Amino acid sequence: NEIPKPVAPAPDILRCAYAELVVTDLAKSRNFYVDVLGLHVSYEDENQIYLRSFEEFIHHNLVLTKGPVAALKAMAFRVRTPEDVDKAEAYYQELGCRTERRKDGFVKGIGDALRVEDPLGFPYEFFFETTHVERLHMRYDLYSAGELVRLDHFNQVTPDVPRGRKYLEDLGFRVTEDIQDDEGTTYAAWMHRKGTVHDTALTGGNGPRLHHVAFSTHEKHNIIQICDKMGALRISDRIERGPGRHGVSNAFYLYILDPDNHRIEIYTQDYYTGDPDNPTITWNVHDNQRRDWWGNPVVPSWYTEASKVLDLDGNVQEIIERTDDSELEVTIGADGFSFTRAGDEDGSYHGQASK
């Protein structure tokens, strides 16, 4: 059942670059991503909105495409050279995956691009060529109190984390942190190319589903302001979880829900991982500071809800149920538990979440 390593060389992946999300009401989505969140328009028409963060120079970090069923259509990684698109094609072909190459791109402002149904059922895109736009990094006349400054990562729900981890490691992603138990189950892994804690991450669950797309801010007060704004707009019900400090990654975070329930994380101030012997951190699944360092409870919807993903024909990918133990069940379910201090019943929670 393992995914064999191709003999063909892996493409040299720089970073996560953009996501294409199918949305059902383009105007409602535009209000969320432009008016609430302040992303910058790179192109729009009656069918699509192309958006970028404050410090981006490539054409976009987010494409909103009107469609009948809300879903992730592609999660796109930029590769180092044009020849790396050829490498990506040969690599996935050797893996036995369905691939589609468009020499003029799938979306505006991207050139030669390869989309694939990857071995975990996810629609990945690889591209080098992209239309450069004005880098807005010093446009403080446009800067919002909640400004989103970079695209940081994706998070994928998949049933077998070790299987997916090994596949991503072969593609050159390096694991930085993970969550395990003493019995040897892996519940989640984080992995990177660009020298932050992650470009993508695997959350154990029924999949393929897209858990979230994450944008960063400069400072913690910028995340606070997003929350404050949502309260002023009386859409606080769309704040799912946070704001908090993560255990894994050490980042300050917030999770919010778009009009189609696509989950967006806002994230800041993780650490440098670019050294090849970067120390890998393993948390125990029962540690109540692993996800929220302050011990705040993880709402069940965070574990159970995630976005559909599409195949290359635009149809929804069938889901495979996780057979490994469930993080939700072992921590906050009827027979779950967590601790503040390992071995101490004081500050422990049994069959219950924290707080």
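Just count from 1 along the sequence shown to find any residue number.
For the segment pair 340 to 348 and 15 to 23, the entry gives 340 to 348 the higher mean B-factor, averaged over Cα atoms.
Look at the C-alpha B-factors of 57 to 65 and of 312 to 320. On average they run higher in 312 to 320. Per the deposited coordinates, the residue with the largest Cα temperature factor out of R174, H262, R135, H218 is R174.
Of the candidates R102, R241, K229, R150, the deposited coordinates give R102 the top C-alpha B factor.
Remark: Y303 belongs to the highest third of its chain, ranked by C-alpha B-factor as recorded.
Per the deposited record, the Cα B-factor of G146 falls in the lowest third when ranked against the other modelled residues of its chain. Ranked against the other modelled residues of its chain, the C-alpha B-factor of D199 as given in the entry falls in the lowest third. Among all modelled residues in this chain, the alpha-carbon of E94 has a temperature factor (C-alpha) in the highest third. In the deposited entry, the Cα temperature factor of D182 places it in the highest third of its chain's modelled residues.
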